[PDB]
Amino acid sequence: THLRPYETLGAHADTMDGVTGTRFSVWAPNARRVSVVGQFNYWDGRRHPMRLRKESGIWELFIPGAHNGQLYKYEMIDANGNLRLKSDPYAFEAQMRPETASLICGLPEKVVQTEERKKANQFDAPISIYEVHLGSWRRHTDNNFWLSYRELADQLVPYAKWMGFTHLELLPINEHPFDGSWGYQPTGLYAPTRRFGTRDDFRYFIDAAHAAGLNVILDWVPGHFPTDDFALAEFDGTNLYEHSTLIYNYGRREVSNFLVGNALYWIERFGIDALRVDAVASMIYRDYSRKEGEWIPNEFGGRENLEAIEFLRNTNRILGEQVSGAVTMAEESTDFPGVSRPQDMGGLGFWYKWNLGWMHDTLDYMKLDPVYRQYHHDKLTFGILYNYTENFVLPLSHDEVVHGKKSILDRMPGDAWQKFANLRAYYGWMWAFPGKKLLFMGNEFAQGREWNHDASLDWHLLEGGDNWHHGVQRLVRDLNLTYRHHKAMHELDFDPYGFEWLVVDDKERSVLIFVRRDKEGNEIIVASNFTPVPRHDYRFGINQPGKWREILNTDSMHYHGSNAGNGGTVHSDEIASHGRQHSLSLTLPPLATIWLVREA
């Protein structure tokens, strides 16, 4: 019953005696005095000094005629007799950057999650995420002004839906004061940033996404305490939200009530269908060793923060009980055990983990010159080995395209034509490899310079006639749309059944072949030739003979590939290859991957 602090704390419309006003409550149990100051009383806190309930530590007071729209603050004298104003930790709407004051409105209406959105999160579901930072995806050209939440509905959602993505993941939209944090250093946890409009424009924007068939993942930030002025730091003159840099005292009921509630709020009150936490490693460790001693099983040097580890665990359980169908995802880098394993098994309790190791391993490989990929087969092949230890998302995130890491396009080897060929052949490996898929805005049309959180994306790359960039984009649209159609590509991602090697070592040629199969037993053959060399009459074993039809060739004219493929429907011919009792002779185009389906 303390899992929706937001439903009662903060500032909410109420009616007393039949006189409309607004009701104010703030948790500040070591204050000597609290007052609401606002427009309604000309920022004079003498007028409306609040009332303390010693039992709970909450200050209360109802102001008549105070209506939503009007800015306010809490002016307290803290526990030590100092004087400061505080912004509402439960501000649902806030002034913009330097202004930093809370606007009064209430909760939006609860949003009920459809059976359709709930199926889209499930492990058997095709899950292709399109990751976006709203502040830098497009801009108005003349102004270089931000697209509003409302303009983002007009543009982003038709564009995400068009491209065939399944989900839409936004970098944090909690209110924060500086752009370059990207939103991962917040101030107002319950307020969507005013950059792009009002709280209800945000609503209108996710409602619009919903209506177009997209789920919305939201980067959630319980890991980074709010360091700035008016934040929570030393909230009532004591260390209230924080511990004696700065970490939340998660062990304290009201703080967990604050943060677990934040999750329910975003899910229940805006209809967000999934939350992700960046940098769990930061949250669950700390720089210094415990110093009480060594009561440490899973040796981590005793810098583990158990208090925080219980928090993630407890949050996942509550989110399971209370809002089933919404899910949570994590990115953790210390190889911590079982971030995506059930809490009961002792895991963190997250549903999917970002597969940072597979992204590191593949890009390195793809980085290399095609003439050396013979000596590094392991980076493609060892991926499957660890796959069944987590429920993985193949990332290609915003973090991999910034700060001196070249764009994903810049890492490819070739002379121009080569250079795009890798990408087209890469993506079609990625989409065929076990795991859900996440891709960051810009990668889809093979942008060339790094992402600039301070600028629109180089959309101009797609002005002009069909070119290399139109080809990466169109391929991706096909990868998705074919990915979504074939149960094989997504049903058994986490079952050893769903994947089987057909050619783990043909190392010299750098050729790799495997299949993905669903629960019925239908298979899809995928073939990648990671060397610029074309390959004809290539032969290898199959489990199922019959008619095989090329459903996607990475190399085709539309993607500005060679356009040279196998031709038409291929029929299996009995020859002995790899002891499978059936073999195929195929064209392995140059720097391209191939996908085959078997015609009945």
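From 1 onward, residues are counted along the sequence shown.
In the other compared entries of this protein that model both flanking residues, residue 291 lacks coordinates in at least a third of them. In the comparison with other entries of the same protein, residue 300 is left without coordinates in at least one third of those covering both sides of it. Missing deposited residues between residue 244 and residue 245: 10 or more, all without coordinates in the entry. Mean CA temperature factor is higher for 223 to 231 when stretches 223 to 231 and 316 to 324 are set side by side in the entry. Mean C-alpha B-factor is higher over 465 to 473 than over the other stretch, the pair under comparison being 465 to 473 and 270 to 278. Across the options 207, 493, 415, 109, the residue with the most elevated CA B-factor in the record is 415.
Taking only the listed residues 130, 311, 372, 92, the entry reports the highest CA temperature factor at 372. The deposited CA B-factor of residue 118 belongs to the lowest third of values across its chain. Ranked by Cα temperature factor within the chain, residue 351 sits in the lowest third according to the deposited record. Compared with the other modelled residues of the chain, the Cα B-factor recorded for residue 517 ranks in the middle third.
Among the modelled residues of its chain, residue 188 has a C-alpha B-factor that falls in the lowest third, as given in the PDB entry. Sort the modelled residues of the chain by CA B factor and residue 172 lands in the lowest third.
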